[PDB]
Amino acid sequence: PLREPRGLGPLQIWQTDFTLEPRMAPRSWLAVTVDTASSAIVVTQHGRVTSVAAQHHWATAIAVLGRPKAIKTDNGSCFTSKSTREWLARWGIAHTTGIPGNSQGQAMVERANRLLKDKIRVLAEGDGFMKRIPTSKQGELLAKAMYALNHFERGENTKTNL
């Protein structure tokens, strides 16, 4: 009877996309993965959008979230290249650019991209950076944005507490 995914729990399927964020230049391409089972997000920054940038991002995401059963992406070439298909086959991860979803596409990662860019803008401005964030402060700020969205430790819709 060995089938997934962790009891009756949700299946381990990720959605990944690249989004451009000039406040993070020169490594302005943010690769973002949302795990649809937990809604956890992993983001990494890249100088150019290539097949290798996608593989480097997923290598980091696997270290953080574990190996997923499948990854959903759009049809960009960094995801459909022979190189990327081989990398995913090496890890045994299924890939779809498909629609076995419940609504139009990969809404989850699109919402994540928006929340992430908003969070980076609010934190950077809080620190006094209204335009590009200085290169030496980018990593900590991106880490801070990722923490804020994942360990949202909140009352976001809760009752009084200390």
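C-alpha atoms forming the largest set that superposes within 1.5 Å between two forms make up the rigid core. Start at 1 and count along the sequence shown; that's the residue number.
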Query raised in the report: Between 98-106 and 111-119, where do the CA atoms move more in 5 other deposited structures of this protein, taking the root mean square over the structures and residues after a core fit?
Result: 98-106
Report task. Could you settle it for me: does 65-73 or 51-59 have the higher average Cα B factor in the PDB entry? Result -> 65-73
Query raised in the report: Can you tell me which stretch has the higher mean Cα B-factor, 17-25 or 148-156?
Result: 148-156
Query raised in the report: Which listed residue, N113, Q45, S136, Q106, has the largest C-alpha temperature factor in the record?
Result: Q106
Query raised in the report: Which third, lowest, middle or highest, does the CA B-factor of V32 fall in along this chain?
Result: lowest
Requested in this report: Going by the recorded CA B-factors, say which third of the chain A40 sits in, lowest, middle or highest.
Outcome: middle
Query raised in the report: Split the chain's modelled residues into thirds by Cα B-factor; is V122 in the lowest, middle or highest one?
Result: middle
